[PDB]
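One chain comes next, on its own, written as structure tokens: the form deposited without the DNA.
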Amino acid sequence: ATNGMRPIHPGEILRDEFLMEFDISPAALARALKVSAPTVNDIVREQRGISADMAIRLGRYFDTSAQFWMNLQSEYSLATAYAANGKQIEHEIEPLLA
């Protein structure tokens, strides 16, 4: 059986481990981060990724590193990219032997 990647959107972790944990609505989070409510709404709906600026805001608000959020984002972006082009990439790139 071959390896695979299944995507987990960062907004799912935001919803489950932060918004639901502290009983914060997405709109209340947007007001606290000083961003537009659709900005947070898009993320929790899994319709937008975490930008660097947003990662710094979330880290500041929730006492995390900004990299925590960017690492969740990179995993999601890698999973979607892998499911789309990963098999072809592995088919056409011969690993370096040196």
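Just count from 1 along the sequence shown to find any residue number.
FYI, the form solved in complex with the DNA isn't displayed, but the following is about it.
Taking the partner from the other structure, the DNA in the entry with it bound has a heavy atom within 4.5 Å of a heavy atom of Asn41. Contact check for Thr64: no non-hydrogen atom falls within 4.5 Å of the DNA in the entry with it bound.
Remark: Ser51 counts among the residues lining the DNA in the entry with it bound, judged by a heavy atom distance of 4.5 Å or less. Using a 4.5 angstroms limit between non-hydrogen atoms, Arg60 is distant from the DNA in the entry with it bound. Contact residues in stretch 10 to 31 (any heavy atom within 4.5 Å of the DNA, taken in the entry with it bound) are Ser25, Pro26, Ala27, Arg31.
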